[PDB]
Amino acid sequence: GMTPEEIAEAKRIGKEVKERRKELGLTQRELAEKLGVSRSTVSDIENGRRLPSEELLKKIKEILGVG
DNA sequence: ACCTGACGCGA
DNA sequence: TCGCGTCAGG
DNA sequence: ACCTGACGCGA
DNA sequence: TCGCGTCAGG
């Protein structure tokens, strides 16, 4: 499974993503359109259940500024 | 949150 | 190839 | 104030 | 997709 530190980063990114999405008044569906991914994938990261892959980490910082 | 098709990697 | 875990959209 | 169709998000 | 909570007009 994931390393204890991997879990931590999961929670970190997701919490940051959610907070930046509320400031941009975005829905998960809308943010997923921006991030070029599924709305379910948004909730997955947003709940620290899965670390973003390489393609999405690049987009997360591009769209939200979180890296 | 759970069901399922598909990719990543080997007590 | 065979087999579970995981990644992804629905 | 309550009934109901529809959107937001996952102990 | 499935399922409750909530948002909205009636």
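To find a chain, count down the sequence lines: A is the first, B the second, and so on, and within it residues start at 1.
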Please tell me which of the listed nucleotides, [options], lies nearest to the side chain of [X]?
{"X": "A:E30", "options": "C:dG9, D:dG10, D:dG8", "answer": "D:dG8"}
{"X": "A:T27", "options": "B:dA1, D:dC9, C:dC7", "answer": "D:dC9"}
{"X": "A:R50", "options": "D:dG10, C:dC7, B:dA1", "answer": "C:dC7"}
{"X": "A:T41", "options": "D:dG8, D:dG10, C:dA8", "answer": "C:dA8"}

- Query: Looking only at heavy atoms, what is the nearest atom pair of A:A10 and A:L51, with distance?
  - Reply: N-CD2, 3.4 Å
Expressed as a whole number of Å, how far does the [atom1] atom of [N] sit from that of [M]?
{"N": "B:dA6", "M": "D:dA6", "atom1": "P", "answer": "33 Å"}
{"N": "D:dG5", "M": "B:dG5", "atom1": "P", "answer": "33 Å"}
{"N": "E:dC2", "M": "C:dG9", "atom1": "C1'", "answer": "14 Å"}
{"N": "E:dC4", "M": "C:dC7", "atom1": "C1'", "answer": "27 Å"}

Within this structure, what is the [atom1]-to-[atom2] distance between [X] and [N], rounded to whole angstrom?
{"X": "A:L35", "N": "C:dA8", "atom1": "CG", "atom2": "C1'", "answer": "14 Å"}
{"X": "A:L26", "N": "D:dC7", "atom1": "CG", "atom2": "P", "answer": "18 Å"}
{"X": "A:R49", "N": "C:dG5", "atom1": "CZ", "atom2": "P", "answer": "19 Å"}
{"X": "A:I13", "N": "C:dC7", "atom1": "CD1", "atom2": "P", "answer": "13 Å"}
{"X": "A:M2", "N": "C:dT6", "atom1": "CE", "atom2": "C1'", "answer": "11 Å"}
{"X": "A:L56", "N": "C:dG9", "atom1": "CG", "atom2": "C1'", "answer": "14 Å"}
{"X": "A:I45", "N": "C:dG9", "atom1": "CD1", "atom2": "P", "answer": "9 Å"}
{"X": "A:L51", "N": "C:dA8", "atom1": "CG", "atom2": "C1'", "answer": "15 Å"}

So is [N] sitting in a Watson-Crick or G-U wobble pair with [M], both distances under 3.5 Å?
{"N": "E:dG9", "M": "B:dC3", "result": "no"}
{"N": "E:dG5", "M": "B:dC7", "result": "no"}
{"N": "C:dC7", "M": "B:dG5", "result": "yes"}

- Item | CD-CG distance between A:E33 and A:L26, expressed to the nearest 0.5 angstrom | 9.0 Å
Just wondering, do [Y] and [X] contact through their side chains at under 4.5 Å, heavy atoms?
{"X": "A:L24", "Y": "A:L31", "answer": "no"}
{"X": "A:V66", "Y": "A:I13", "answer": "no"}
{"X": "A:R50", "Y": "A:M2", "answer": "no"}

- Item | Short side-chain N/O contact from A:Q28 to OP1 or OP2 of D:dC7, under 4.0 Å | no
- Query: Partner of C:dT1 by Watson-Crick or G-U wobble geometry, both contacts under 3.5 Å, or none?
  - Reply: none
- Query: Counting any heavy atom closer than 4.0 Å, what does A:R39 reach on the DNA or RNA strands: base, sugar-phosphate only, or nothing?
  - Reply: base
- Task: Going by the side-chain contact (heavy atoms from CB on, under 4.5 Å) test, name the single residue among A:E46, A:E30, A:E16 that passes it with A:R21.
- Result: A:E46
